[PDB]
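The structure appears right after this line, and notes come after that.
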Amino acid sequence: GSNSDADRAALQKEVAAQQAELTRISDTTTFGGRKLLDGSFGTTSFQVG
Amino acid sequence: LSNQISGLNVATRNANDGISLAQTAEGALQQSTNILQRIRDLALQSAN
């Protein structure tokens with residue numbers, strides 16, 4: 003209602019926790035100590051021939 | 290004819306010796322082909 007939740011601050015804390023958890027999902031995907039979807043994916047090329 | 294037959298006998302013996310040497314060569318080259326095969330396997334799995 004744009005004014006009914008004076009705890010929009012706590013709502014922002016919830017959103018920031020969700021954002022940090024997303025940043026963590028970025029990490030922890032180290033399939034080989036080489037976390038894929040974030041940071042350093044060198045646009046690899048799986049040789050199949 | 291005796292000289293010819295004796296020479297032909299010793300020549301057949303030398304030819305059999307050469308056959309044995311070339312057969313050792315066949316075996317060694319087959320071993321090297323196996324090594325190159327394994328090298329191709331490790332190189333292709335080396336795509337990693």
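Those sequence lines, one after another, are chains A and B.
The opening position of the first sequence corresponds to residue 3 in the working numbering, with each subsequent residue numbered one higher.
The opening position of the second sequence corresponds to residue 290 in the working numbering, with each subsequent residue numbered one higher.
Backbone N, C-alpha and C define an ideal beta-carbon position, used for all residues, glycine too.
The three-state secondary structure of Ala-11/A, taken from DSSP, is helix.
Of the candidates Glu-23/A, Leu-24/A, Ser-42/A, the residue whose Cα lies closest to the Cα of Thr-32/A is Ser-42/A. DSSP places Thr-322/B in the helix class (H, G or I) of the three-state scheme.
C-alpha of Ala-332/B to C-alpha of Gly-44/A: approximately 20 Å in a straight line. In the three-state scheme derived from DSSP, where H, G and I count as helix and E and B as strand, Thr-32/A is classed as coil. In this structure, the CA atom of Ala-311/B is about 15 Å from the CA atom of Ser-321/B. Under the three-state reduction of DSSP, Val-17/A is assigned to helix.
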